[PDB]
Structure formats: C-alpha cells, structure tokens
C-alpha cells in the first residue's frame, strides 16, 4: 500500500537525505509502502516553503516532513496548525506549544542549566547564533536572576564571511577586559568550526580557559584541533556510539558508496540525520 | 484614476482605521482617489494573512497596507521580496534590509542607548514583551558589554493574563534581591499600564526609583496614575502635541463624533494612528509624483494566483518602490525621509520627562546629532525638599 | 613532539632558537600551535635565511 508523505529538505543537507532514503530501505514493510515527495527548497524563503507546502497539499500527502528556520517556524505552525496536517521535524523545539508539530530534537537548555550548576560558574560570556532561536538565551537569563550570574551574551551570526576575521580578535579582546575564563558557545557546526579555529589562532585554547558547546554535535565537531591545548572542553551527545543498535548502524553506514549516498561513508554521523532516520 | 490598495487592519484597532478614514479625507485629490480593500483579520494568523494577501494579489492592487506580528514579519517580508510588491507598515522595523518594505517607525534604539548614556547608568532591570522583537535586547546587551553594564532582562510577556498579578509579586522581589532602582520597560501600552498598576499596589511608585518607557507614544499611557508617587519617570515621544499642525489636527480630531469614528473623540491619540495618517500622506503624494512621471502602470488582475510556479512579478511596481523611497515630506511626526533600504532617516524624537505638574519635553534626538538637550527648564520649579538622613 | 616540549616544560623554558629546514620548520611550528605554546611569554628564533619564506 502506497502512503504519500511530504519530504522538504534544505539543500546542503545531503547527509540527512541519504539517511532518509536509508530509513526508507531499512523499515519498508510488506503491508504497505511510504511514498515520499522530495523537495529541495531553501528554508530561507518562507514563501517558497509555502509553495512547497501547498504543492504537497495538492499531492494530498498524509504527512509532511522537513527542516525549518526560525524564520519559517511560525509559517509551518500556522499552516499545519490550520489544516491539521502533521509535521515531524528534526529542527529546534518550538518556543510555543502547537497542534500537529511533532519535533525530533530534545530540549537541551535544562541540561545546560544543570551543567552550569555542576561547574558552578558565577559569571561567563555566552556567544550565540540567532538562527536556532534566542529562547535558550532567555532561559539562561532567567537563572541569572536566581543564580545571580553576570553573563555577557553577544551575537556572532551577523558577521559576513568576507570580513570574518578581525571581528573575532576584537571580540575576544573585548572579552579580555573582563578577563573571561569561561564561555559557553552556542553555534552551528560550521560556526563552531570557524570559532574554534580563531580561538586556536589567538591561542586561547590554552589551559586556564574553558568551553562548553551547546549542541548535540559535540562529538560531531572536530575537536582534535584543540584536544591538546590544555583548556578543558565539554558538551553533549544525544547518540552514544557504544550502543548496540548504533554500532550495528555504523557497520553498514560505512559500507555505502558516497556516489549513491554522499557524506554517509564515514565512521560517524550528524545527530540530526540520526533524528531523521529515527523519525 | 482611482488606485486599488491593500488594507490589513487587525481587529480592535478601530482608532487606526478611523485615522485612516481621516487620511482619506485630508488628501483626496482629483488626479486619483484611493480604493482600499479593508480587512479585519488576526495579525497572528500567518495563514489568514497569506489568504487576504493573495486575495488582494488577485485584485492586483498596486499597493498594500497593514500591520504585522513578529510572527508574521517573515511572511510579509518574504512576499514583498518575492512578488516585488510595494508595502507600507506602521509596525516595528525589520532587522534586515528588506526590499519593498516601507515602515513608519524610526528605530527607538539609538535614542534609548543615548538616554542610558545620559543617565550614566551601570545597573538596571530590563522587562520586555517578546512581541516587538528582541532587537532592543540584543542592542542593550551589546552596549552592556562595552560599557560594563549589568543587565537584568526578563520576559514578562509570556505570563498568563489569568493570574497577571501573582507572578509580579515574586518578580519585583527578584529585583529586590539586587535592590534594582532602575528598570527599563519594553511592552505595549496595555501591559505597561497593567504592570504600572502592579507597581502601585506593591508601592514601588515611591521616590528614588527611576523608570523608562520604551515606546514612541510616551504620553499614551496613564501616567497621571503615578504622577505623584515621587519616583522619576521619563520616555521618548515621536509626537509633539504642541505643533500647530498637530494642533489643528486635534482641532478636527476631538470634535468628531466617536460613533462614526471610534477612538477619535479624544484629546489624545495613539502614535500608531499618526503613523497611519502620515503613511496616507506619503503614499498619496507619492502617486501624485507618479502622475508627474506619467509612467503608466495600469494592469488587470494579471498577477492571478500567488502560487505561480515560478511566479514572475511585473516590474512597474519595482519602479513604484523607487518612487516611494524618494518621497520626502512633512508629517505628524515631523519630516519623513527614506533611505533606499526603506528605513525612515534624518528624523527626530523628542525626549520627555514626567514633571510633577505633568509630562514635559527637555530636548530632542536626531539620529545624526544624537542626543540634543533643550534649555527648557522654566527657570526651576523647586528643589523638591532635599532628604536629610541621619 | 609533545613529549619533547613536555620535556622542555620541566626546565620551564621560555626561549628556544629553532634551527631546522623549512619543511620541518613548518611542521614543528604547527605542533607548537597544536600544543599552544605560542602565547605571550614564549619566544622563538628561526635560524635560517628563509624566515620570511616560511608561513608565520
């Protein structure tokens, strides 16, 4: 039995798509089969998202799936909320409760709170990228009342790649005036990479500083570049690799040729793709 | 040569629509007379927004007008950017340089930071609703970093109205944990007045507290309710009632029956409505200039459905946007001028203080001149009886 | 390398004059980066004419 469903995907999310088809293969059943309607539109154009949404609605799909921008979240909640169409999503959790919005990404902020509670920091800078939503920051501020924290949040995402350089050195130099030893980064994998790189170049990966990477990709991140700096570093993983089902997943995940499923021929996997495959 | 236009007024904004009617009256002209497609739909519902939008798009209206939620900003921005359709709003400005976007609100940010610099504060609470956006928060934090400020921001706006009383008690106690004496407020006027009433009940309207109302319409609130509590209060104002043009506007304003024009029969007015009237003047005179351009643009409902794949926008409106941006004319908020980014520019925002006799100006704020104090001291009232502890 | 500089740490040396060919120069520099011992308080001298030729 064919079962039509939506399949929105941002371009450059190839790993999640490959893993998606892997999900189609692994869990296909004799009783019925899913009928994906793949769509590779950018999430930045909410209007285009509306277009694809009406398109799959024309397809009459019983479900819709894909990533969403904070720019698009209100759109998806509005439409799926209106038409009572379900929409599973890997992306960051909604700041507001909604009907028909299943969401694959666990809330992370409370663990972050407990984490700080363990490290018992009194004061620290807190960089953030807007795109995942500022709500987490709001939370850290709330505790800052209760925990008398003197956090100094600063956005980073506005910066262009073209001048993506001196702004950093000026930034950390600004951090030096407070002589900050402790920062919890909250950025995307790529931004995580560039930031870690600049930290290397300025050499603040030395012992006496500390970092916390606020995402599930803490293992996904290439921390080898800073493993030997002596500064302590800690983060999060939603997917233990020591797990039996996980290791079994790895046994074949390496096997796939990149030509069929690019980005899949690796020892590990982005947690988001894993959320897709689970979804 | 009547010109079809949009009309997206959120429910309960009667004074705004009435002001819109007054705008239709004040600038009606033989060369053309505007043809509103007025609608009353929830601003929060992006779906319905898209519905009416595509409806007027089916009308192929050459211009559109209405507000937008922060939830809906991305909507209308994405539509103006995709369909190359010009639009005007009195809502709070986008954080990005979005094409085909006109906006009546000069950013209150720089004047606010300037004000903070004027009081030379170092520690303060920052209450905020989410609804106008967190841009001011990002800004105040940004300045806070360099200035070694100790921000205490809090999201008051998510609190349920069902018990919009209980939370406040713990809330101000939270301030008392640090004994904050300095509290920026960033909410819409209703929430503002409510919270102020709570300040009354907790009695923190007493002298030695200071307050800041972050809004274009500082006079709109019920300041009289706490005029004599002794706590200092001050805020920004985009609307000078003292202006003779504004004066005459009042002369026609309060006099009108509120039945035909709800929200109009008063001595006061929302800054929003003034932005509306100003938007009417701007659009109207803009097309007046189009007539000088003689660039014919008339078309039927050629636009059809908004889901054309790909949709291909007609470029005459792209020219119309250029015609709009170049407009430079006086309004209720003083001069109106646009950058090609579509933000208002080279404007002015009068500072206001709550003197015991009543609210009062002390200066004005150009974006380029920054803060500008006015001498207006009225030769000093009194020393207000100096406290002498011992 | 890490063992080597760790051995240097016992003397807490702040000052070294490297004397190597440009390739091994670049490699040793990279390792110094990875161990991070190029913060203020250290110093280096590269004993060759290629001091500009190498990346710095």
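Following Swiss-Prot, chain B residues are numbered 25-398, 405-420, in order.
Per deposition record, electron microscopy, 7.8 Å.
Positions of Cβ are set from backbone N, Cα and C atoms, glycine also.
Listed in Swiss-Prot for this protein:
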DISULFID  B:78-B:330  disulfide bond
CARBOHYD  B:370  N-linked glycosylation site
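Features as recorded by Swiss-Prot, highlighted on the structure.
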residue	record	Cβ neighbours (10 Å)
B:78	disulfide bond	18
B:330	disulfide bond	22
B:370	N-linked glycosylation site	14
- Message: Between the residue listed as 'N-linked glycosylation site' and residue B:330 (disulfide bond), how many Å separate their Cα atoms?
- Response: 36
